[PDB]
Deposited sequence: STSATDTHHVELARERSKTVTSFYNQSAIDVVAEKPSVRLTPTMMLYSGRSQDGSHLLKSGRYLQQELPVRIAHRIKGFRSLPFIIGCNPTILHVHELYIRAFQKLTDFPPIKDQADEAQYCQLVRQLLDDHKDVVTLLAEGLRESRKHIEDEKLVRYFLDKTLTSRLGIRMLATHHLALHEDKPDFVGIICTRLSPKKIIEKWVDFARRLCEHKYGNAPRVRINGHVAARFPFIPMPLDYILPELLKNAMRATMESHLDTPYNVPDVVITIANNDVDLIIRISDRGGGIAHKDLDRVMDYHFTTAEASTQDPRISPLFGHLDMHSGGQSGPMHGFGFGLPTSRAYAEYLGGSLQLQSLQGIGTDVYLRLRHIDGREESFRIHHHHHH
């Protein structure tokens, strides 16, 4: 809790849209590196401010305290590093960014553990939701900016940093379907087949990074629900049907399962952090990530039949607003 953190804790974020980054990703690495150097300490200070504002009994949890202390250590490193003048200065910063990206890889796990240890002192799940939605999405934003900058140094086909210039939703969904079906097959001996329909030929600019979190979570929920509701017929289960709708405004991905649905008693709890019928972070984090990206995650439960999950995400066309929750 030093005075340097206090100076930028209330300072507004200078937000850049993926379009702005795509135009620079066409001298431009120096302007980009300068932005990160000045903007990342502000984002880290906003996270520290969040920990400072937690109720005392929650902030005292040594696991919560440890994540708070990790963010203070990251602010110290980001500010104590000298400014960027030449290209070798921009390159020295990339190495610090690589190190901080790895030191904070398990923050969400530690935060879930801290939340769990403090369950008896909560009483307001809406306040837990605001803290975690803001912390995890601001963390997503920091990781996206940091990873994009590292990836700008590379000349990877169909990528401008972490922006895929021709992302196919069908291919990204197919990659995670194969990943999910294998885990499900190892647990139940079988997995539902996944059919993909709609705008299967869609290709457009998109950052796959948040879809790499959302898609396995939603597929795992759909497949586990399907298997749990058909234990008496486990080698003859209904397919999971994924429809892609692509238009000028947004991308919609509907994941429809025949997994029995979300019961009426659980319906208002599934979106709370740590609520589970088996981690409990899959749905509320996916919803927060979709909101951060200018979209949404909505559920329609048909109790006794199955669930329809709608993931809506905005395009990158020079019309989109900046990412924020």
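Missing C-alpha coordinates mark the following deposited-sequence intervals, in order: 1-24, 51-54, 307-335, 383-388.
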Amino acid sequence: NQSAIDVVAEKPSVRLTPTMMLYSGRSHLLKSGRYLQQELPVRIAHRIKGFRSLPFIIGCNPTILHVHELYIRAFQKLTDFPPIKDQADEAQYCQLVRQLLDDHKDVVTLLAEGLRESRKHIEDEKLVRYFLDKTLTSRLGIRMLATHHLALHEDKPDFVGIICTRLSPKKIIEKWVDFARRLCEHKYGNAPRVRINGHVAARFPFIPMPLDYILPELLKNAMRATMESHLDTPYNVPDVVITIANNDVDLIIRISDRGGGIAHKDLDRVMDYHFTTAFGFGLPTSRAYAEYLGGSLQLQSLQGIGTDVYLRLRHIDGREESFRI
From here on, numbers count along this sequence of modelled residues.
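Between two forms, the rigid core is the largest collection of C-alphas that superpose within 1.5 Å.
Stretch 111-119 is the one, of 111-119 and 133-141, whose CA positions lie farther from the shown form in 8 other deposited structures of this protein once all structures are superposed by the rigid core. Superposing on the core and measuring CA offsets in 8 other deposited structures of this protein, the stretch of 27-35 and 264-272 with the greater mean deviation is 27-35.
When the other compared entries with both flanking residues are checked, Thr277 is unmodelled in at least a third. A summary of the deposited B-factors shows that, of 308-316 and 6-14, the stretch with the larger mean C-alpha value is 6-14.
Taking the mean C-alpha B-factor of each stretch as recorded, 81-89 and 143-151 are not equal, and the higher mean is that of 81-89. Taking the deposited Cα B-factors for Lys220, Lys120, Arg193, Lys134, the highest one is held by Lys120. Highest CA B-factor among the listed residues (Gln99, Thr226, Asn197, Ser138): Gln99.
Ranked by C-alpha B-factor against the other modelled residues of its chain, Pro157 falls in the highest third. Ranked against the other modelled residues of its chain, the C-alpha B-factor of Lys31 as given in the entry falls in the highest third. Placement of the Cα temperature factor of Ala278 within the chain: highest third of the modelled residues, per the deposited record.
Among all modelled residues in its chain, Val237 ranks in the middle third by Cα B-factor. Sorting the modelled residues of the chain by their CA temperature factor places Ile255 in the lowest third.
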